[PDB]
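All of this is worked out from the model, or read from it or from the source named; these are not laboratory values. Note: ideal-geometry Cβ built from the backbone for every residue, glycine included; neighbour counts use all protein chains shown.
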Number of protein chains: 2
Amino acid sequence: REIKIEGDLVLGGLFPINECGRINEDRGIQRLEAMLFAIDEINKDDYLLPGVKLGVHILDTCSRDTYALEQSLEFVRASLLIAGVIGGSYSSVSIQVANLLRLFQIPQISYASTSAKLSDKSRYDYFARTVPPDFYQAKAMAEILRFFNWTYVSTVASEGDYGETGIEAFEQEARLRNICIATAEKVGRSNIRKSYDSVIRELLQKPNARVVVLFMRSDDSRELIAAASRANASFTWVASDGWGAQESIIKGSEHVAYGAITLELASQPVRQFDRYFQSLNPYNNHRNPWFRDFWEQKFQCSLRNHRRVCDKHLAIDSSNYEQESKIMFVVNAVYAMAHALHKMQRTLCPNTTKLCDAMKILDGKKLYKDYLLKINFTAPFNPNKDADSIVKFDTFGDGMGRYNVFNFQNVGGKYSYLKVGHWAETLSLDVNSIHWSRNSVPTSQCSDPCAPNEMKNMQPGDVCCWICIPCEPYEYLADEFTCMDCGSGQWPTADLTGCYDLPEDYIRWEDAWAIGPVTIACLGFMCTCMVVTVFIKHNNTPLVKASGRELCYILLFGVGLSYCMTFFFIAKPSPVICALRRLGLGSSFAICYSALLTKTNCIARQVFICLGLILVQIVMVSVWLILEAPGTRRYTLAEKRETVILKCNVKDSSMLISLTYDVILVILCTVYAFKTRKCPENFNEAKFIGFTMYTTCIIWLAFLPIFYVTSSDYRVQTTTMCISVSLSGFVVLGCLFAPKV
Amino acid sequence: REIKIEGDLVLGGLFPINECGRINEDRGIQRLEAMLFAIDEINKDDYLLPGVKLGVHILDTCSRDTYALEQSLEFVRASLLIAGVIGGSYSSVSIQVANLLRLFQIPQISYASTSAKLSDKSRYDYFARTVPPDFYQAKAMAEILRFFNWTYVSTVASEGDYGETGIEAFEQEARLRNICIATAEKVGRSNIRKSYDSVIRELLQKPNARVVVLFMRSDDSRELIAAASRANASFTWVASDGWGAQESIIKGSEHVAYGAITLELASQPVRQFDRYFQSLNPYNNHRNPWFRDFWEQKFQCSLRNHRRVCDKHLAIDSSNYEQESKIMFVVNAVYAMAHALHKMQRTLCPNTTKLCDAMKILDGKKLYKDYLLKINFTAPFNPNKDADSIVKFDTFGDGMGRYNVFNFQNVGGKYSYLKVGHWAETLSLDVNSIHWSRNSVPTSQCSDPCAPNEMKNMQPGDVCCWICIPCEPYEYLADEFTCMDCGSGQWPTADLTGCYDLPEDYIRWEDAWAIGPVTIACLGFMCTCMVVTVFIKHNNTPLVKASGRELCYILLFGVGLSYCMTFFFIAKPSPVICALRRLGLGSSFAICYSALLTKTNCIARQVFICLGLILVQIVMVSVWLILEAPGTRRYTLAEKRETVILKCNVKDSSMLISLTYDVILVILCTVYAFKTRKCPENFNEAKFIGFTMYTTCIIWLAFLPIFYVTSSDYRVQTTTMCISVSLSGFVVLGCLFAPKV
Ligand SMILES: COc1cccc(C(=O)N[C@H]2C[C@@](N)(C(=O)O)[C@@H]3[C@@H](C(=O)O)[C@@H]32)c1
Ligand SMILES: COc1cccc(C(=O)N[C@H]2C[C@@](N)(C(=O)O)[C@@H]3[C@@H](C(=O)O)[C@@H]32)c1
Ligand SMILES: *[C@@H]1O[C@H](CO)[C@@H](O)[C@H](O)[C@H]1NC(C)=O
Ligand SMILES: *[C@@H]1O[C@H](CO)[C@@H](O)[C@H](O)[C@H]1NC(C)=O
């Protein structure tokens, strides 16, 4: 089981064919028929090793680490001849052969070993890939979980030298663009969490992690899809090139990965392969001893007594297979050895064409410094040469990171893969053909964004998580993380940034006071109207002649003003109104004192009536000073969180100070009118004035101490002030008209 | 630089000597002079390979991975002779030589390679240690962070195949005994966090992680102590056997690790070593070419023109060195090869003694199945044979986990290590000789335990962290995580589990009422006393004869009872007292109705006085029914969070219902006594009774509507009820005595 065609030079090469059940049919013998294709297409091509036939010596690796070492001794046991192997297509296969070809100085060219450990050039100093490392693959998994703003993800990586050193470079590149990984764990096949149902349940315990980064190998992604359909669930499988663009890892679970996003490595494929690999039947196939049963296992044929025996019209056309992505890399990484062993011949022995004596030892260290910086044109089957087709190794012997972004679009019945994107500067994937799980762009964040009514961003200690919590309704949410207050008087709008002020109320609308006391004040116009018969119609009455005929024009005209000052208590507050209420209340109780205590010396006496007529302005001039000097415009009281009630610019004691200027003259009114409690003059002094000395001004000391207790203060001061003069309007001044007529 | 002494058989062995600056002097040539000691002590010992001389072929490893492979080819390049190597003392040295000795079937016996990857017997099937794995070392780091209850730790492990597979078995054994690791990171020498100041600052950003699990190698623990003293800080270094019991990793930082707890592997050392290694001078030392400059580098001597040249009286006694712990393991793991190559000779060729023809090929696979189950007595220098000294491999080729627990006690000036503990069942370390950092048993938990006044355990989503938060003061903290309420009436004690009830108040102490109204009631005894002159002294008065002489014994005796029912309003509430208040208040106002409305028909009238004398019990019999049928015991009102005020078992309307039974007879009292407002009989009816018809019962309708408004209800009903009868006690019944005398 090893090909041996002779040649003046020998190229090695060890390929994963077995897996020893299957022949692997996609990344296996579809690559061994490509490297052997290029060797068949070198010896015919002149000006590239002319006259020096290249022969190969190929062995399988059985897709296993410690079996590759037993097959790697077939090269070097003649050295204790080979001028370079073509590496191993897997990762753990090609690490622990570079730890044995290093000792004999044999160069190794891998073509798929995307691992980060193989750039430490102090240990593997004979290892140049033609595939970019996995640091440029975590960089395409941070810029693809930020173009969709997924933040709360859950990474899964297989154990070994591929996952654990390709996910330790993702956790140090997802904690740099604020991506919060929930659950990271191993899945590998040596007793960590080897039950695949024990790890698909852990990804189901989190309900808010629908984006799972599958950085696993090609073995633990056909046993994590065959264990994510039994224990039935679904996510958005974002996966590395372990999954890749393989249509044989998904052969029996075509509905659970129906929105998967995988990224292969970008390759414009070769177009002379499908005229060669398609024309290889088991009848005409000599060299490789694994191709004689490849068509047996692929087409399920036979050659013991199994199913349908091979008919000769069974070939491999484009209805069977699609050419693998990493077939450009196989024919590229074998010409790089063919450009090294040609430029060496142009240096050591340029006069001769065949193998000289100076190139018969094959100095390995000199072969690694004539080759590591060797750029070239291309694999010559791919056109657009200058448009990114230059094979070129870096200082570490790598390629350039060029990553297509595939998608598992299940649209045409046949569940096929489909390209959407790019890399190397550009995240250029177009969201118009990407199908998804449940046909929607999914979200995975730690906490949901909530309503902007009272919530706020409260991130306790980290960046990826927060919590929305209600705050006060009088505040505004300005900085979107802590709401702030605007103060009393103003109320925030629906935007929760600015606050709008409020007026007081419609005091004059009804309030059970815009119709009640003004109807009592509607009869207040009838107090002076009913007393107008004493005024002008019957001014020559003998009882009025013995009364204060000049005094009743002060005693009853202001009684109508006491029935008129309540009108200003219902209008809008203003310096023309609420300061006039300070001028009105002093004028209203300028009659209850000047017609009770003064009329004891006038109506129950004109030699001193000039001082009594000047007694109304005895404090009213000083009351004019307190109605002019302090602030007499407006105010606005603010109670608990909803009050804009606009009282005038005084206090309760300021009205009490004006109340003290007149009621003290009414306090000693009945004390100065207690002597005439039995003896009248015209049956009116002891019969009427003593009643208004007691009963009238007691109401002036009843509701007035209650004026500083109430809150709305609607009719406690408007009605009762106008109602208190109706006693002294009728029982002493309208009472005289009762026996008149 | 390789020892070669001949023999009929050959034992290998590769030791870490260089590091190529130092000769490492503790784990290096103090081991190579021990394996070569046992080979010098085998050929003299009969009955253990008799007549077959054992020769060694020893090479250095330079303490490096990929340099051991260039020296491992010196054994096997004659096979493309050696009958077994004695392994590599390091971890990464002895993994990637078992991946090359496996191919030629050569057994390898390590003696310090404590790693968990080397028990996967599908790959390294020619590798039997004599040191227990690292799964039994994480099991001694979970049971040592639970005996001190440290929970919030921060693990640090070096990169490679020792740390990352010895700390991935600690994180899966610290999340099993509730130990919450804060910061886990790599420190290894390939561009992860290779600045050691960048990782000692990350352990300083957490202020609550003073316990750091140092699972690093012997290289990143002399550059993490030489970078934890420059950027000066201190912790409690709990460290694996990378640190171990080495007194050369701490040579210049003897104060920063002064409370360190390290665990080596338990070994009762050999006692024939210090008679052999102490007697090896550079004059008499032939074989090993590294010992000729070992004493040059150890004693800082010379042999270009450096310091003090070697005098011949310079030897190595017990004042220089202490024998390493893993020297029992070197002489043990080389006799296991000597018991394998002896029991094979007793099987294949027992008739002859020397090497026969059947043992001249040295079948390697048969050498690994005659040996892997081979128990033996001991290395024969260690006594107490049956007391745990049996060399024995398990099914995976291991030892038994026996771990001493050292301590860096800096007590004697010379900062020496000191043993405290044990393992293999028992955490038996005794906390009486353990010095610490700052002489205290440290703590590292996520959140501190708080005061039990109002706090509670609030663990949001995890187990390792919580938060203490204050709750209500009327609740008790029962379950130590959520405080619970006990309800009104009872108040929790200092234990915050049980609640104690409260009485109401001392109502009769002062309350501005235990001296005020009772002094007014002290004169209440003087109302009947001043009226006693009308009672017995002057009962034959003509004004009293025209008055109700039989009626005043009902009108004034109950007036003293109205001055006596206020006494029950100050005593303790009870069915004898507060239900008597219901019987008293009806009896108190059985006089204000029967001497105002009834005395209008008696004192201002005996043909109908028998119905008036029966009018006191006209509703009092039904008032006795409501004083007997409902609940008449007690009650207890509970206001907001502090109130146990015990009113009697009625409502305010229940007293109002008793008030409605008598005051309605007093409501129509003045209406029935409004006719005699001008005409008296003995100048007492229209002059006194009409005053008590108006002024007395108006006070009965003044304070009684205020009795259901007050909260404390101290003197609003006790004083004013007794004060209201003083009007009808004096102005109508004491007023008649005023013109009498
Ligand atoms: C089955 O045993 C193992 C062990 C380790 C890895 C893998 C594995 O899945 N390798 C995958 C991913 C790959 N990009 C890489 O080199 O890791 C290349 C691509 C290829 O060559 O076709 C494979 C499999
Ligand atoms: C300097 O380069 C390296 C690389 C890897 C590990 C180490 C290392 O520190 N090994 C330490 C710890 C050990 N118990 C083990 O076997 O890992 C044995 C004990 C000994 O044999 O004396 C050493 C050093
Ligand atoms: C997150 O990314 C999505 C992807 O288009 C975008 O629509 C959205 O606006 C982004 N959110 C923020 C806050 O930038
Ligand atoms: C935690 O361990 C220490 C170590 O002795 C012990 O004293 C303490 O009581 C333990 N705490 C609990 C809650 O068991």
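Observations on the model:
- Failed criterion for A:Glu143 (all others in (1) of a type in the set (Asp, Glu); (2) within 16 Å of ligand 1 (Cβ to nearest atom); (3) under 24 Å from A:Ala169 (Cβ atoms) hold): (2)
- Filtered residues of region A:103-133 (kept if among the aromatic types (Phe, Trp, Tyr) and outside any loop (DSSP other than H, G, I, E, B)): A:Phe127
- Total residues in region B:621-634 satisfying the condition of being surrounded by 13 or more Cβ atoms within 10 Å (Cβ to Cβ) and among the aliphatic types (A, V, I, L, M): the figure is 3.
- Among the residues of region B:417-433, the ones that are surrounded by 15 or more Cβ atoms within 10 Å (Cβ to Cβ) and within 12 Å of ligand 4 (Cβ to nearest atom) come to 1 in all.
- Candidates are the residues of region B:53-69 that are surrounded by 18 or more Cβ atoms within 10 Å (Cβ to Cβ) and within 30 Å of B:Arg346 (Cα to Cα); the one that is nearest to the other protein chains (Cβ to nearest Cβ) is B:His57.
- Screening A:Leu48, A:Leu100 for residues that are within 14 Å of chain B (Cβ to nearest Cβ), touching a helix residue (DSSP H, G or I) at 6+ places or on another chain (Cβ under 7 Å) and either outside any helix (DSSP H, G or I) or more than 13 Å from ligand 1 (Cβ to nearest atom) (or both) leaves exactly one candidate, A:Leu100.
- Test: B:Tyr136 is among the aromatic types (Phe, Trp, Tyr) and touching a helix residue (DSSP H, G or I) at 6+ places or on another chain (Cβ under 7 Å): no
- When the residues of region A:116-166 are filtered to those that are aromatic (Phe, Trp, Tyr), within 14 Å of chain B (Cβ to nearest Cβ) and within 29 Å of A:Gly13 (Cα to Cα), the one that is farthest from the chain's Cα centre (by Cα) is A:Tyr126.
- Failed criterion for A:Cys679 (all others in (1) exposed (fewer than 13 other Cβ atoms within 10 Å of the Cβ); (2) in a loop (DSSP other than H, G, I, E, B); (3) within 57 Å of the chain's Cα centre (by Cα) hold): (3)
- Test for A:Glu41: is it within 60 Å of the chain's Cα centre (by Cα), at positive phi, of a type outside the set (S, T, N, Q) and away from chain B (no Cβ under 14 Å): no
- Candidates B:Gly560, B:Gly524, B:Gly586, filtered to the one that is in the same structural domain as B:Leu665 (by TED's automatic domain parsing) and touching a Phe, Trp or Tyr at 6+ places or on another chain (Cβ under 6 Å): B:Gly524
- Checklist (1) assigned to a helix (DSSP H, G or I); (2) closer than 30 Å to A:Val334 by Cβ; (3) more than 13 Å from ligand 1 (Cβ to nearest atom) applied to A:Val199, failing item: (2)
- Residues satisfying the stated conditions in region A:85-97, i.e. assigned to a loop (DSSP other than H, G, I, E, B) and either more than 14 Å from every other protein chain (Cβ to nearest Cβ) or in contact with a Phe, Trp or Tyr (Cβ under 7 Å, 6 or more places away or on another chain) (or both): A:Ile86, A:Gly87, A:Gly88, A:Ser89, A:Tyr90, A:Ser91
- Answer from A:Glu2, A:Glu70, A:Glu6, A:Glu33 - the residue that is of a type in the set (D, E, K, R), in the same structural domain as A:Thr347 (by TED's automatic domain parsing), closer than 25 Å to A:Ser325 by Cα and more than 16 Å from ligand 4 (Cβ to nearest atom): A:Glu33
- Qualifying residue in region B:438-459 (condition: within 21 Å of B:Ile179 (Cβ to Cβ) and within 16 Å of ligand 2 (Cβ to nearest atom)): no
- Selection count, region B:174-201, where residues are within 26 Å of the chain's Cα centre (by Cα) and more than 13 Å from chain A (Cβ to nearest Cβ): 7
- Complete set of residues in region B:635-667 that are surrounded by 15 or more Cβ atoms within 10 Å (Cβ to Cβ) and in a loop (DSSP other than H, G, I, E, B): B:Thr636, B:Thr643, B:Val644, B:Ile645, B:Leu646, B:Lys647, B:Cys648, B:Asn649, B:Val650
- Per-region count, region B:134-161, residues in contact with a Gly (Cβ under 9 Å, 6 or more places away or on another chain) and not in a loop (DSSP other than H, G, I, E, B): 8
- Restricting region B:202-227 to residues that are touching a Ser or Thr at 6+ places or on another chain (Cβ under 8 Å) and small (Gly, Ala, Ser) leaves a set whose member that is nearest to the other protein chains (Cβ to nearest Cβ) is B:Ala209.
- Each residue in region B:304-335 was checked for being within 22 Å of B:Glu41 (Cβ to Cβ), assigned to a loop (DSSP other than H, G, I, E, B) and hydroxyl-bearing (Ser, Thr, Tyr), and 2 pass.
- Filtered residue count, region A:464-478, keeping only those that are assigned to a loop (DSSP other than H, G, I, E, B) and more than 19 Å from A:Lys206 (Cα to Cα): 9
Condition check ((1) within 16 Å of ligand 4 (Cβ to nearest atom); (2) of a type in the set (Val, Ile, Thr); (3) surrounded by 14 or more Cβ atoms within 10 Å (Cβ to Cβ); (4) not in a helix (DSSP H, G or I)) across all residues:
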position: B:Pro442; (1), (2), (3), (4): yes, no, yes, yes
position: B:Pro449; (1), (2), (3), (4): yes, no, no, yes
position: B:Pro460; (1), (2), (3), (4): no, no, no, yes
position: B:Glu480; (1), (2), (3), (4): yes, no, no, yes
position: B:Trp509; (1), (2), (3), (4): no, no, no, yes
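- When residues of region B:559-618 are limited to those that are basic (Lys, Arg) and surrounded by fewer than 20 Cβ atoms within 10 Å (Cβ to Cβ), the one nearest to the chain's Cα centre (by Cα): B:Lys572
Residue-by-condition table, conditions (1) under 26 Å from B:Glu223 (Cα atoms); (2) within 16 Å of ligand 4 (Cβ to nearest atom); (3) in contact with a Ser or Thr (Cβ under 8 Å, 6 or more places away or on another chain):
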{"position": "B:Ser119", "(1), (2), (3)": "no, no, no"}
{"position": "B:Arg123", "(1), (2), (3)": "no, no, yes"}
{"position": "B:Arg129", "(1), (2), (3)": "no, no, yes"}
{"position": "B:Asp134", "(1), (2), (3)": "yes, no, yes"}
{"position": "B:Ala140", "(1), (2), (3)": "yes, no, no"}
{"position": "B:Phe147", "(1), (2), (3)": "no, yes, no"}
{"position": "B:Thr151", "(1), (2), (3)": "no, yes, yes"}
{"position": "B:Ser158", "(1), (2), (3)": "yes, no, no"}
{"position": "B:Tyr162", "(1), (2), (3)": "yes, no, yes"}
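- Of all residue pairs spaced 6 or more apart or on separate chains, those with beta-carbon atoms under 9 Å, a first member in region A:70-84 that is facing chain B (nearest Cβ under 9 Å) and a second member that is outside any loop (DSSP other than H, G, I, E, B) and surrounded by 14 or more Cβ atoms within 10 Å (Cβ to Cβ) are A:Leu80/B:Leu73; A:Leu80/B:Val76.
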